[PDB]
Amino acid sequence: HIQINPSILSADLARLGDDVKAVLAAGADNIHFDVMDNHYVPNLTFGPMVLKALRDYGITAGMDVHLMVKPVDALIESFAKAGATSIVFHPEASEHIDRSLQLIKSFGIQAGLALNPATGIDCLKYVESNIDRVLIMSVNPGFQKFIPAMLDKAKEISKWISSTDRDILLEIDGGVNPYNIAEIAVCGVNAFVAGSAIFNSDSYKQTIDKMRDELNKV
Amino acid sequence: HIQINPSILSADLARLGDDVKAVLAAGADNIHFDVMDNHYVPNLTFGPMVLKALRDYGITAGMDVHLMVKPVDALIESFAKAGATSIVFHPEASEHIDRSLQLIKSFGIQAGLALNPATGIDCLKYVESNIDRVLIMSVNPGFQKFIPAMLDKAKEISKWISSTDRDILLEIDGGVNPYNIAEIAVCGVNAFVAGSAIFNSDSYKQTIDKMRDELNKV
Amino acid sequence: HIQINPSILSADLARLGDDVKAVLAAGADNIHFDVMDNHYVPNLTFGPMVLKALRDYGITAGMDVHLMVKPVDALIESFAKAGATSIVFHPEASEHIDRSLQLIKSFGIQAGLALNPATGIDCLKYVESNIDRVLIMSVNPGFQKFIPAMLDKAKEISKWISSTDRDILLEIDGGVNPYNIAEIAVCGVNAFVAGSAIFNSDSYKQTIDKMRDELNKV
Amino acid sequence: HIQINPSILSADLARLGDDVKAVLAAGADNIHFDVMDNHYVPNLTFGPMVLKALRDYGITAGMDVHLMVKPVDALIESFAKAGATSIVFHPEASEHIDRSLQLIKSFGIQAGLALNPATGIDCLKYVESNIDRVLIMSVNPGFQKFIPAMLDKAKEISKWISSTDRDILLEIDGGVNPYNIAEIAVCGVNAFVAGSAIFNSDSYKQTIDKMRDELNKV
Amino acid sequence: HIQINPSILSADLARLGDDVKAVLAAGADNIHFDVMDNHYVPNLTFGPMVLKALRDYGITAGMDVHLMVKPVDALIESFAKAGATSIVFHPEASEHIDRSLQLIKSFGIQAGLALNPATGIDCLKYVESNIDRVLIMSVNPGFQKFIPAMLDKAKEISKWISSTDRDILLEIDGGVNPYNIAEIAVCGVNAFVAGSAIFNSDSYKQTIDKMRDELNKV
Amino acid sequence: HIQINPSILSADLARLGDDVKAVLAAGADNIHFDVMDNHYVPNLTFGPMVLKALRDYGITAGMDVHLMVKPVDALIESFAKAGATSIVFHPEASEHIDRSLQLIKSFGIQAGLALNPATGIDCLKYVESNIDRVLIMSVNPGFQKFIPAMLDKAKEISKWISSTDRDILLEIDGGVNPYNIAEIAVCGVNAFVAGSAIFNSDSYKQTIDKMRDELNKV
Amino acid sequence: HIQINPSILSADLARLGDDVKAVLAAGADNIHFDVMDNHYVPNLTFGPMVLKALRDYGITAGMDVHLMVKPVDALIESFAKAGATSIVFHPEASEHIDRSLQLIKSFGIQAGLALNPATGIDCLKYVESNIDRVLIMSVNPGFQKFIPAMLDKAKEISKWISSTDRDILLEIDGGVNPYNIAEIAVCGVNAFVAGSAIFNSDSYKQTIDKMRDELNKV
Amino acid sequence: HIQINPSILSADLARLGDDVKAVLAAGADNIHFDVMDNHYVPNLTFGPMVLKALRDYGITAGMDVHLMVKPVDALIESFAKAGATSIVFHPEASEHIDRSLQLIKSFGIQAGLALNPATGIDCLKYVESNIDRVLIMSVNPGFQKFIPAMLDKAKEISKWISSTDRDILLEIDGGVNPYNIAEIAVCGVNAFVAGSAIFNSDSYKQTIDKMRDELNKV
Amino acid sequence: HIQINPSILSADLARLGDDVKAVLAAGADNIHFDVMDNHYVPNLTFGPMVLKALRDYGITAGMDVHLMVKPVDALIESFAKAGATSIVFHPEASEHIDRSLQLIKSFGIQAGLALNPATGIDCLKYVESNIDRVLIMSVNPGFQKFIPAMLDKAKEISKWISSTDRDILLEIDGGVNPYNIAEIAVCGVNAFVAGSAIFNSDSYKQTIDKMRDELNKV
Ligand SMILES: [Cl-]
Ligand SMILES: [Cl-]
Ligand SMILES: [Cl-]
Ligand SMILES: [Cl-]
Ligand SMILES: [Cl-]
Ligand SMILES: [Cl-]
Ligand SMILES: [Cl-]
Ligand SMILES: [Cl-]
Ligand SMILES: [Cl-]
Ligand SMILES: [Cl-]
Ligand SMILES: [Cl-]
Ligand SMILES: [Cl-]
Ligand SMILES: [Cl-]
Ligand SMILES: [Cl-]
Ligand SMILES: [Cl-]
Ligand SMILES: [Cl-]
Ligand SMILES: [Cl-]
Ligand SMILES: [Cl-]
């Protein structure tokens, strides 16, 4: 089952619980958090207390955290404790990648790595046993249009995933919309983060249905 | 230079010369004719007299003919005489593919083959010397959304083209729009037929500029 | 689970409901319809009203339709509406293979292609997403002994199926009997159409049991 | 032993027995019949009664029939009964290629397939056991100069033939003459159909001797 | 045409305009700036105002900037605005390699990456579309003799460049002189940065001519 | 553009200037000199003074020299000084192949190697940088019919040429005529030396036009 | 000869000379220093003065330094001057890997790289000439049980080492004990760092003998 | 789920039911019987009556039999009748390997082969359909320390298992303990027989938990 | 240990013993003799009596003879008897290469082959057992600058040498100097002949030391 995981960075941050509840009622799968610390990428978004606030509001859906921060261990711990169901970080952001993946897994949740557009897949080779998911960035994080060179990367990561025999989710984030989602999905991507395409549309339900329709034909 | 070739089937057929002149003034390269005979595909569009009419109106731009007809030789001759600058037909539509390509070339114009979504590239192997262009159909002809399985076909045809050392244009037709054009272009496609995306838009200029912008980044 | 799908063309057409009910009670899985239009193959068998008649009689088992007809779209629609659970047709019989597969799938049922003995597997490449099953003909349709050259074809199709990671049923039809079924099954075939071997035998139960016994040892 | 098989289409049709007897006395091996029905190719040549007439005249040499007709089964039967020693037809011309090859073989004679210039060799794969010969067309049938792209096809068919371990004759037809015959023979061709080069020459003997001389040096 | 691009770090910094004008009159192609910020490498050289000063002096030749700085975006902008015609930076020096390449290209100039001796070519894979040139460092930046292990790297980068079909300049910098330049050029290098070998020689003209002579024989 | 280079050995040696002027006016590209010293091959043809005589007569077309002599350096120098535009020699004829190629190039003209029928292409490997052209002999020099085994050699040399990325002319000499020229051209040959086929024909213009016609279809 | 190199971090730091002398008398080969600066890894261990102190105490055995520090050059110099016989550092810890390896070698001692569990072997490719040894970390540095994924890494590094024809020591550090040492050794590892397994055991001699016994059977 | 199958040969044979019940209550999966006949290996252990005795005692857990006997058929029958859930034997111990595997399967239980350290995997090739499990011996049967050369064998058998698409358990027996179990598991082993490591430990629960902990991290 | 073997052709031939003694005292390894007979190459140098004269003078260093003569056997014998320690000759210079190598070896000294720039390595294949060394000529013998195309040849010969498992010295001669020696050495060359670079320098010691310094870093 292909996941549609709306990115809350594009939601109504003044009525976040309400907007999240609505997007989930409209067919979304998990809620996605693009966490930025103004150092690894040039913006600052939201901390673990926002995730905790959504748990207290009653959101029970999965909460996927993408850490665009450096270093990463303190935030792995606080987001895990706040209620994250998965956490991914960038290999370049940790001086001990394997230890950071193990730390995530010590909380009984999904761990993985996020890759900037220029970043290859060699970082996955030796930490395979601690990879539950991979996140492909298809825009320059914290700065757009989907970067088409990422289709081949998704194909290469799919191949690697198949060679492991493990269930590893392949997700993408950056410029995803109903018009390019099928083209990305044929490359092996099973999870899609969308912000603007969903939260800025007149009807979350209709947008998510259009996406599902394209995906069902891949 | 990547070509943007508007398909006149989507234009104002009651003011065709005017609409064609406008799309060319807005940045289009060549005018594309999707010719259907109600037999090879289930609709009927326009004959060689429409192309001749545009020549008499003063259109000097290239006129690319895609024959979705069967058989094909009589129409190759009439479209060539009317002023076509290129003609492509489907291999399944001729009982003498090589002879039909030679016939097109006897008029001093570009020849090639158009491939339905299910059709592979083996048909190109032995007629290589008479292939100036290949047209990939990315929708079911005469019946939609771009068929994502066609990205890999475009990659395979690009590879074949590279192996020949000849200049062979790789074109695509079916559901092309500003949101998926870059994803198709990274697969080796150099020419894009667009109908609805251009002719049904408020500004031909702005639509064509958006397309050029995405293409310039591939 | 390997399927044994009796072909009703060999059944008692004067007491069809009764014969079908009996073969299903004896261990058969699905009922197979070899539909011929006297044009694609040189005989005429039965139309969609026969399938509907079996539904009205109370047969709830799967009903697999093999269209040995040309063209195919009108019959896809009528067999689907009559209650077919799967439909396959020959690639050579449609001028728009992908569209015909999509049409079958629009009815919420299984789609696929049937291949004559001389026909290779290149036709499966670009329509993969719309293939739920493949039918190998092991006799010359509408005209016998199993054609042994089909074992290697079954092996090649099995390999292709494995490379897709999708669940695609591999079925065979033509001269299947208890003495050659194990030899066909070791080549990757999971579904067997048998007519004469079952319907002309003294005991459907014993014949089907003999088949199951050979299959259980592959 | 390389065969030189004159095509009677170029002979004196008003004194056919006499011209055939002369070409055989001059060193020809078999008599070749290019049969056209005005449908598969755009001309009409001769029926089975012409072959029978040559048998009644006393010609005992092999009579090779190339069917450029569609459909093909009725003519396979009549040419076989008239006294043909081999029959080849085009795969595209039969809806049941394997059955048509079997039909030819049921008469105790050689069977095979003829390939138009654009046609590849995939059609030979699954009918191998019923292929005694392959005919490469090196001109557009029923419409010339030898098409040089056919040299590589002959090389590929030779390779396929070697991989089978069976004795399969590789023949070519179209624009063969004493000046290009050696170049075709080095590609694995063992039988040559020549019409004009032989029948329009001043001396059949000298022309056939020149051909033999070039062939003996390959 | 092979480029000889003198590095101004070796020029007379007290009479820079004069020395640059002289080296260009002697046959040099472009002027090369090795920019160091005392952080990425252990020295400090010159800022964008030196490049601007040369533009104001009347130098119209290409000005190639090699940024041995970290981070890189602010300097990309200032060197571009000062009049640079190309800018390269080290992948390790940016946390957003693709974004930094795009930034360079937003100024309408050439972009690329510079590689330290230990750095491999995997960084080029996913940013290919934004690479106009690659700079191989053949000495330890900011610290010599040409490092011979770089010949194989140049061969590997040449191969990669050929596989892209794009025109990508392959340049080298570090210990280049008339005695080793031909050996580097046979490995696929098309542009040579030389400092000491040119600026410390008695005659710029004779040194550049000697270099051209060796290069013309590769 | 494919070259047709008539060999003057077949021209009217008593009215050479006149015959050369006529063949060039009829469409020939360059004039070819097959120089023999009675030692490397068993005949003696013409020295550098004949080439000089043609320059003095006013022939400005390219003059290609094929040295079938041993040793070769003195004749390289005299033919170059007489006005040759290219010189090729046989590797077996020089004890210093690289030096001999360099000598040719020292005159600012094209250099290359000529290969006897038995000679392979290993001689080209290490002198690549000094090879502007390769001449395939398709008859036994100084002694005929085109040797068909040379088609595969031309294919292998074409492949080697493609692997170098350099522009290297591939020429052939020996038994070339209008009937076999297309078959040779499909193997990658771009230049054709013809003697008898042109100079012994009734009309140089018509012969050269026939050749061009066959070549235009490859 | 396989090395057993006890890590002093596990020794009695209050009676270090005595404990080192004892472990060497018990069969140890070299003394291993895991140097941490609280920045590259989250602990602080010991500086060059501890190594010097052991030299002054009379320890003449080899002293291998593993720098888990960033940056690394100042410590390379001080550890070398204190009496180190080998120094390895992490590629990620230096902005000039080749220069840092050269610096180590300038002291006439062994140089190499240490790899964290997630780190691949691409860093070794271009600095090969300056690599005398490689250290595989089999635990997360400065934070355990041997990480089994490191066996395959050791196999890949062994293969690389064999391809160089140079003598490069392959060492491992992290969770090594008598029960897993043979399993690591069959993967090509020739040197073993052990801390706890040796220094916390009742008899250094018996522990080292047990290790030798397992190693002798690989 | 990875299996931990204690070998009863190391249990308290005077209180076997009690010791087995305890090890199962402590987390063990199946009970393993290493059956020796003093001929195939140099010791004698226990017959089918011991297994029956455990069934009568109330042990309902799986009972895996490893026959280190020769010949094997009589014992296959008696162990099956006594209540074995799987039986493996050595290929060298039967003169009819396929028949012996079929015999095991005739009892409706799992069959497979056990391999001595020197024995390769070719024996599995043709009996694949009757292989439910493979047992790797990692010590010399009936005579120790784990033989490290068996890691590569486990990798090769895992690869073979993957190529079959069947669910085949890969088990190992000989010198397995908590310190080497993770290293064996990364090679594809899913079932572990342990005797001494479990039955001679102070707490079965703690030992089995330690094993599970290492396995959970692979 | 890399050899530096000065070529006496560049020494003071009027004070040869003195110049040789000096170059050896300055760090040279062996003395190299480039012997030319005015036939194989266009100069005449020195005969075996010069080598004997150096032996009588007291030179005990190795004396390597490179025969650029044709034929070669008489000179092999006289140079061997005069005191040569190795002799190499060109394959093209002997009609019995294997016999000539055996002749050299019959004197108990090293034998090998010298290769002109154009000459490939196929000549080494079948005489491998009699090859102790290979000499690559990097200039045109007896006529310069190092020919850069020879780097790849050295790489190919190194590979061949590695495949033999024998100790075969790889030497180079022609245009070697301190500025290109490291670049040649990274390609697998272990011995360097230098004439001018050493004998025309102010200090043999300093030149040889500079060479050693570059070589020590490869
Ligand atoms: Cl941290
Ligand atoms: Cl780490
Ligand atoms: Cl037609
Ligand atoms: Cl045709
Ligand atoms: Cl239809
Ligand atoms: Cl279609
Ligand atoms: Cl028919
Ligand atoms: Cl059929
Ligand atoms: Cl920045
Ligand atoms: Cl980025
Ligand atoms: Cl000479
Ligand atoms: Cl030479
Ligand atoms: Cl530092
Ligand atoms: Cl560096
Ligand atoms: Cl038995
Ligand atoms: Cl057996
Ligand atoms: Cl001799
Ligand atoms: Cl010999």
# chains A, B, ... in the order shown; residues from 1 in each chain; ligands from 1
>>> residues_near_ligand(ligand="ligand 5", cutoff="8 Å", atoms="only C-alpha atoms and all ligand atoms", output="list in words")
residues 70, 71, 72, 73, 74 and 94 of chain C
>>> interface_residues(of="chain I", to="chain G", cutoff="10 Å", atoms="only C-alpha atoms", output="list in words")
residues 162, 186, 216, 217 and 218 of chain I
>>> write_last_selection(atoms="N, CA and C atoms", output="JSON list (two decimals), in the first residue's frame")
[["chain", "number", "residue", "atom", "x", "y", "z"],
["I", 162, "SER", "N", 52.25, -9.46, -13.99],
["I", 162, "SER", "CA", 51.56, -9.97, -12.79],
["I", 162, "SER", "C", 50.88, -11.31, -13.04],
["I", 186, "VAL", "N", 54.41, 5.01, -11.64],
["I", 186, "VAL", "CA", 53.06, 4.59, -11.17],
["I", 186, "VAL", "C", 52.40, 3.62, -12.14],
["I", 216, "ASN", "N", 60.41, 7.25, -4.46],
["I", 216, "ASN", "CA", 60.08, 6.80, -3.13],
["I", 216, "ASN", "C", 58.62, 7.13, -2.74],
["I", 217, "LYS", "N", 58.02, 8.10, -3.44],
["I", 217, "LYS", "CA", 56.65, 8.53, -3.16],
["I", 217, "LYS", "C", 55.58, 7.84, -4.03],
["I", 218, "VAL", "N", 55.99, 7.00, -4.97],
["I", 218, "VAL", "CA", 55.02, 6.31, -5.84],
["I", 218, "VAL", "C", 54.30, 5.17, -5.10]]
>>> select_by_dssp(residues="chain B", states="strand (DSSP E)", output="JSON list (two decimals) with N, CA, C and O atoms, in the first residue's frame")
[["chain", "number", "residue", "atom", "x", "y", "z"],
["B", 3, "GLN", "N", 12.48, 20.56, -28.75],
["B", 3, "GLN", "CA", 11.32, 21.05, -29.49],
["B", 3, "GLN", "C", 10.03, 20.95, -28.70],
["B", 3, "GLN", "O", 9.80, 19.98, -27.96],
["B", 4, "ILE", "N", 9.19, 21.97, -28.86],
["B", 4, "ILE", "CA", 7.83, 21.99, -28.31],
["B", 4, "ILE", "C", 6.96, 22.13, -29.55],
["B", 4, "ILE", "O", 6.97, 23.19, -30.20],
["B", 5, "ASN", "N", 6.25, 21.05, -29.86],
["B", 5, "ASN", "CA", 5.45, 20.92, -31.09],
["B", 5, "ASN", "C", 3.96, 20.75, -30.76],
["B", 5, "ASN", "O", 3.51, 19.65, -30.48],
["B", 6, "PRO", "N", 3.21, 21.85, -30.77],
["B", 6, "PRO", "CA", 1.80, 21.77, -30.42],
["B", 6, "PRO", "C", 1.00, 20.93, -31.39],
["B", 6, "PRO", "O", 1.20, 21.02, -32.60],
["B", 31, "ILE", "N", 4.52, 22.39, -35.97],
["B", 31, "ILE", "CA", 3.10, 22.10, -35.82],
["B", 31, "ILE", "C", 2.90, 20.61, -36.03],
["B", 31, "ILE", "O", 3.38, 20.03, -37.01],
["B", 32, "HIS", "N", 2.20, 19.98, -35.10],
["B", 32, "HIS", "CA", 2.02, 18.55, -35.12],
["B", 32, "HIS", "C", 0.61, 18.13, -35.50],
["B", 32, "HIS", "O", -0.38, 18.63, -34.93],
["B", 33, "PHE", "N", 0.52, 17.19, -36.45],
["B", 33, "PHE", "CA", -0.73, 16.65, -36.97],
["B", 33, "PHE", "C", -0.91, 15.18, -36.59],
["B", 33, "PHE", "O", -0.16, 14.31, -37.06],
["B", 34, "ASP", "N", -1.90, 14.90, -35.74],
["B", 34, "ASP", "CA", -2.25, 13.54, -35.36],
["B", 34, "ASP", "C", -3.40, 13.12, -36.28],
["B", 34, "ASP", "O", -4.56, 13.46, -36.05],
["B", 35, "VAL", "N", -3.03, 12.39, -37.34],
["B", 35, "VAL", "CA", -3.92, 11.95, -38.40],
["B", 35, "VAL", "C", -4.51, 10.57, -38.11],
["B", 35, "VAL", "O", -3.78, 9.58, -37.95],
["B", 36, "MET", "N", -5.83, 10.50, -38.06],
["B", 36, "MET", "CA", -6.51, 9.25, -37.72],
["B", 36, "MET", "C", -7.55, 8.92, -38.79],
["B", 36, "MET", "O", -8.28, 9.80, -39.23],
["B", 63, "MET", "N", 6.01, 21.08, -40.30],
["B", 63, "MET", "CA", 4.74, 20.40, -40.11],
["B", 63, "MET", "C", 4.98, 18.90, -40.04],
["B", 63, "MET", "O", 5.27, 18.26, -41.06],
["B", 64, "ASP", "N", 4.86, 18.37, -38.82],
["B", 64, "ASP", "CA", 5.11, 16.99, -38.51],
["B", 64, "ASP", "C", 3.83, 16.18, -38.52],
["B", 64, "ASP", "O", 2.87, 16.47, -37.80],
["B", 65, "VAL", "N", 3.82, 15.14, -39.33],
["B", 65, "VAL", "CA", 2.65, 14.31, -39.46],
["B", 65, "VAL", "C", 2.86, 12.96, -38.78],
["B", 65, "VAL", "O", 3.86, 12.29, -39.02],
["B", 66, "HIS", "N", 1.92, 12.62, -37.92],
["B", 66, "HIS", "CA", 1.86, 11.31, -37.25],
["B", 66, "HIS", "C", 0.64, 10.59, -37.83],
["B", 66, "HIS", "O", -0.51, 10.96, -37.58],
["B", 67, "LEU", "N", 0.91, 9.58, -38.64],
["B", 67, "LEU", "CA", -0.14, 8.79, -39.27],
["B", 67, "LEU", "C", -0.60, 7.64, -38.38],
["B", 67, "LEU", "O", 0.14, 6.67, -38.17],
["B", 68, "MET", "N", -1.78, 7.80, -37.81],
["B", 68, "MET", "CA", -2.44, 6.72, -37.07],
["B", 68, "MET", "C", -3.51, 6.21, -38.01],
["B", 68, "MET", "O", -4.72, 6.34, -37.76],
["B", 86, "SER", "N", 7.93, 16.14, -41.98],
["B", 86, "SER", "CA", 8.27, 14.83, -41.44],
["B", 86, "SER", "C", 6.99, 14.00, -41.39],
["B", 86, "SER", "O", 5.88, 14.56, -41.27],
["B", 87, "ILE", "N", 7.14, 12.69, -41.57],
["B", 87, "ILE", "CA", 6.03, 11.77, -41.45],
["B", 87, "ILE", "C", 6.49, 10.52, -40.69],
["B", 87, "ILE", "O", 7.54, 9.96, -40.99],
["B", 88, "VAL", "N", 5.71, 10.12, -39.70],
["B", 88, "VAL", "CA", 5.94, 8.88, -38.98],
["B", 88, "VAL", "C", 4.64, 8.06, -39.06],
["B", 88, "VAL", "O", 3.55, 8.61, -39.20],
["B", 89, "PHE", "N", 4.79, 6.74, -39.02],
["B", 89, "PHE", "CA", 3.65, 5.82, -39.06],
["B", 89, "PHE", "C", 3.97, 4.65, -38.13],
["B", 89, "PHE", "O", 5.12, 4.49, -37.66],
["B", 110, "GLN", "N", 11.81, 14.09, -43.55],
["B", 110, "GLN", "CA", 12.13, 13.16, -42.46],
["B", 110, "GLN", "C", 11.11, 12.04, -42.33],
["B", 110, "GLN", "O", 9.91, 12.28, -42.41],
["B", 111, "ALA", "N", 11.61, 10.82, -42.09],
["B", 111, "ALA", "CA", 10.79, 9.63, -41.91],
["B", 111, "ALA", "C", 11.07, 9.01, -40.55],
["B", 111, "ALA", "O", 12.15, 9.20, -39.94],
["B", 112, "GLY", "N", 10.10, 8.25, -40.06],
["B", 112, "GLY", "CA", 10.29, 7.54, -38.82],
["B", 112, "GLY", "C", 9.12, 6.69, -38.44],
["B", 112, "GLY", "O", 8.13, 6.59, -39.19],
["B", 113, "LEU", "N", 9.21, 6.09, -37.26],
["B", 113, "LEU", "CA", 8.16, 5.22, -36.76],
["B", 113, "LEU", "C", 7.62, 5.72, -35.45],
["B", 113, "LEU", "O", 8.36, 6.29, -34.61],
["B", 114, "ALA", "N", 6.32, 5.48, -35.26],
["B", 114, "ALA", "CA", 5.59, 5.82, -34.05],
["B", 114, "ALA", "C", 5.28, 4.50, -33.38],
["B", 114, "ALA", "O", 4.91, 3.54, -34.06],
["B", 115, "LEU", "N", 5.38, 4.46, -32.06],
["B", 115, "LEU", "CA", 5.19, 3.23, -31.33],
["B", 115, "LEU", "C", 4.06, 3.36, -30.31],
["B", 115, "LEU", "O", 4.09, 4.26, -29.47],
["B", 133, "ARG", "N", 13.62, 9.86, -37.00],
["B", 133, "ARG", "CA", 12.94, 10.20, -35.78],
["B", 133, "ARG", "C", 12.10, 9.04, -35.33],
["B", 133, "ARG", "O", 11.72, 8.15, -36.13],
["B", 134, "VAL", "N", 11.81, 9.04, -34.03],
["B", 134, "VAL", "CA", 10.97, 8.03, -33.42],
["B", 134, "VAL", "C", 9.97, 8.76, -32.57],
["B", 134, "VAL", "O", 10.32, 9.72, -31.89],
["B", 135, "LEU", "N", 8.72, 8.33, -32.63],
["B", 135, "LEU", "CA", 7.68, 8.94, -31.83],
["B", 135, "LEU", "C", 7.15, 7.91, -30.84],
["B", 135, "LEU", "O", 6.65, 6.85, -31.22],
["B", 136, "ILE", "N", 7.27, 8.23, -29.56],
["B", 136, "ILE", "CA", 6.73, 7.38, -28.50],
["B", 136, "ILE", "C", 5.33, 7.88, -28.16],
["B", 136, "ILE", "O", 5.15, 9.06, -27.82],
["B", 137, "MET", "N", 4.33, 7.00, -28.26],
["B", 137, "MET", "CA", 2.99, 7.35, -27.79],
["B", 137, "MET", "C", 2.94, 7.05, -26.28],
["B", 137, "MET", "O", 3.29, 5.95, -25.84],
["B", 169, "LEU", "N", 15.86, 12.12, -33.89],
["B", 169, "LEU", "CA", 15.05, 12.84, -32.92],
["B", 169, "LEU", "C", 14.19, 11.85, -32.14],
["B", 169, "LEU", "O", 13.62, 10.91, -32.71],
["B", 170, "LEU", "N", 14.10, 12.04, -30.82],
["B", 170, "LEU", "CA", 13.25, 11.20, -29.99],
["B", 170, "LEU", "C", 12.13, 12.08, -29.50],
["B", 170, "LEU", "O", 12.37, 13.02, -28.73],
["B", 171, "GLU", "N", 10.91, 11.78, -29.94],
["B", 171, "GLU", "CA", 9.74, 12.60, -29.62],
["B", 171, "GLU", "C", 8.73, 11.81, -28.83],
["B", 171, "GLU", "O", 8.69, 10.58, -28.90],
["B", 172, "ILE", "N", 7.89, 12.51, -28.07],
["B", 172, "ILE", "CA", 6.85, 11.86, -27.29],
["B", 172, "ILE", "C", 5.53, 12.62, -27.45],
["B", 172, "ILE", "O", 5.53, 13.84, -27.62],
["B", 173, "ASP", "N", 4.43, 11.89, -27.37],
["B", 173, "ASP", "CA", 3.11, 12.46, -27.57],
["B", 173, "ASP", "C", 2.09, 11.73, -26.70],
["B", 173, "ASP", "O", 1.91, 10.52, -26.81],
["B", 191, "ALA", "N", 11.96, 16.03, -28.13],
["B", 191, "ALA", "CA", 10.84, 16.72, -28.76],
["B", 191, "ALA", "C", 9.54, 16.33, -28.06],
["B", 191, "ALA", "O", 9.30, 15.14, -27.78],
["B", 192, "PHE", "N", 8.70, 17.32, -27.81],
["B", 192, "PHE", "CA", 7.48, 17.11, -27.06],
["B", 192, "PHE", "C", 6.27, 17.62, -27.78],
["B", 192, "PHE", "O", 6.21, 18.80, -28.18],
["B", 193, "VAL", "N", 5.31, 16.73, -27.99],
["B", 193, "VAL", "CA", 4.06, 17.11, -28.58],
["B", 193, "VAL", "C", 3.12, 17.39, -27.41],
["B", 193, "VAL", "O", 2.99, 16.57, -26.50],
["B", 194, "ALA", "N", 2.50, 18.55, -27.43],
["B", 194, "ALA", "CA", 1.53, 18.88, -26.41],
["B", 194, "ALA", "C", 0.32, 19.51, -27.10],
["B", 194, "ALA", "O", 0.46, 20.34, -28.00]]
>>> residues_near_ligand(ligand="ligand 1", cutoff="12 Å", atoms="only C-alpha atoms and all ligand atoms", output="list in words")
residues 69, 70, 71, 72, 73, 74, 75, 76, 77, 93, 94, 95, 96, 97, 99, 100 and 103 of chain A; 38, 39, 40, 41, 42 and 143 of chain G
>>> residues_around(residues="residue 164 (chain I)", least_positions_apart="2", cutoff="12 Å", atoms="only C-alpha atoms", output="list in words")
residues 124, 125, 126, 127, 128, 129, 131, 132, 157, 158, 159, 160, 161, 162, 166, 167 and 168 of chain I
>>> residues_around(residues="residue 182 (chain G)", least_positions_apart="2", cutoff="10 Å", atoms="only C-alpha atoms", output="list in words")
residues 176, 177, 178, 179, 180, 184, 185, 186, 187, 189, 211, 212, 213, 214, 215, 216, 217 and 218 of chain G; 145, 146, 147, 148, 149 and 180 of chain H
>>> atom_distance(atom1="CA of residue 27 (chain B)", atom2="CA of residue 107 (chain E)")
23.9 Å
>>> decode(residues="region 150-158 of chain H", atoms="C-alpha atoms", output="CSV table (one decimal), in the first residue's frame")
chain,number,residue,atom,x,y,z
H,150,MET,CA,31.7,-22.8,7.5
H,151,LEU,CA,30.7,-19.1,7.4
H,152,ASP,CA,31.3,-19.0,3.7
H,153,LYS,CA,29.5,-22.3,3.2
H,154,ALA,CA,26.5,-20.8,5.0
H,155,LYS,CA,26.7,-17.8,2.6
H,156,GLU,CA,26.8,-20.1,-0.4
H,157,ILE,CA,23.8,-22.2,0.8
H,158,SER,CA,21.8,-19.0,1.6
